[PDB]
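Shown next, in C-alpha cells, is the structure this report addresses.
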Amino acid sequence: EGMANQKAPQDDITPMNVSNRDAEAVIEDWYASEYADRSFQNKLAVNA
Amino acid sequence: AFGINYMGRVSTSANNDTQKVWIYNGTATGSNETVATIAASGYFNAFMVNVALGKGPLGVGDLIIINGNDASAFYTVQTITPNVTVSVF
C-alpha cells in the first residue's frame, strides 16, 4: 500500500515506500488411465 | 580570490523559508587557499550580486562546507551586509 504525506512548497518530494513480495506455486502432474481390450467390444452391452 | 566555479549547492530543496547548504573548494584543485583565508571577512562578497543591499544567493544562517588546502570545517553565515561574514560550526 502507498501512503500520502505532506511537504513544504517547493520542497523535494519524499515518497512513502511500497513493499513487494512474491508467491510461488509448484506444478505437479497426475494421470488417470484405463485399458479396454478389444475382445470385450462384442461381449459387452455397454461402451467400455 | 573567490571563484564562482568552485562553489556548489548541497541542499536539494528549493524551499526558501529554510536555510541552504553550500560546499566550497579551496584545495589544490580549487582556489588553493587556506581555511583561515576563506573564512576572512568579506571573502564571499564577490558571490553576492550587490553586497551593499544584501542581494545574492547567500542568506543568513546558511551552512558552508569550506574545504581549504590545509583542513576543512563547517561554517555558518552570520551577516550578508555590508560584508559576508562566517563563523565556525
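To find a chain, count down the sequence lines: A is the first, B the second, and so on, and within it residues start at 1.
- More than 12 heavy atoms of other residues, nucleotides or ligands sit less than 6.0 Å from atom NZ of A/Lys7.
- Note that CD of A/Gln41 and CG of A/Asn47 are 8.5 Å apart. Values are rounded to the nearest 0.5 Å.
- Scanning both residues, B/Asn50 and B/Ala52, for their nearest heavy atoms gives OD1-N, 3.0 Å.
- Smallest separation of non-hydrogen atoms from B/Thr37 and B/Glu33: CG2-OE2, 3.9 Å.
- Residues B/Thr79 and B/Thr85 have side chains that bring a donor and an acceptor to within less than 3.5 angstrom of each other.
- With values rounded to the nearest 0.5 angstrom, A/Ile13 atom CD1 is found 6.5 Å from A/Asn5 atom CG.
- For the pair A/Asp37 (side chain) and A/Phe40 (backbone), a donor-acceptor distance under 3.5 Å is absent.
- As a member of the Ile/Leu/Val/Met/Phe/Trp/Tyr network built from side-chain separations under 4.5 Å, B/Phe47 groups with B/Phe2, B/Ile4, B/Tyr6, B/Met7, B/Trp22, B/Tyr24, B/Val35, B/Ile38, B/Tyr43, B/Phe44, B/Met48, B/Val51, B/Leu58, B/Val60, B/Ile64, B/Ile66, B/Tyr75, B/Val77, B/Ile80, B/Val84, B/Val86, B/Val88.
- When side chains are defined from C-beta on, B/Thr76 does not count as touching B/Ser87, because their heavy atoms never get closer than 4.5 Å.
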Extract all donor-acceptor atom pairs below 3.5 Å that involve side chains of residues 19-35 of chain A and protein atoms in other chains or at least two apart in sequence.
| residue | atom | partner | partner atom | Å |
| --- | --- | --- | --- | --- |
| A/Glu28 | OE1 | A/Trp30 | NE1 | 3.1 |

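- One N or O on the side chain of B/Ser11 and one on the backbone of B/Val21 form a donor-acceptor pair closer than 3.5 Å.
- Rounding to the nearest 0.5 Å gives a distance of 12.5 Å between OG1 of A/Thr14 and CD of A/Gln6.
- Side chains of B/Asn15 and B/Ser13: a donor-acceptor N/O pair is absent below 3.5 angstrom, by distance only.
- Across all non-hydrogen atoms, the minimal contact from B/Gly26 to B/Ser31 is CA-OG, 3.3 Å.
- Once rounded to the nearest 0.5 Å, the distance linking CG of B/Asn83 with CD of B/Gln78 reads 13.5 Å.
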Step by step, work out the side-chain contact (heavy atoms from CB on, under 4.5 Å) result for A/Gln10 and B/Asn16.
-> CA-CA 8 Å; A/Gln10 313 178 7; B/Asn16 63 297; 3.9 Å; yes
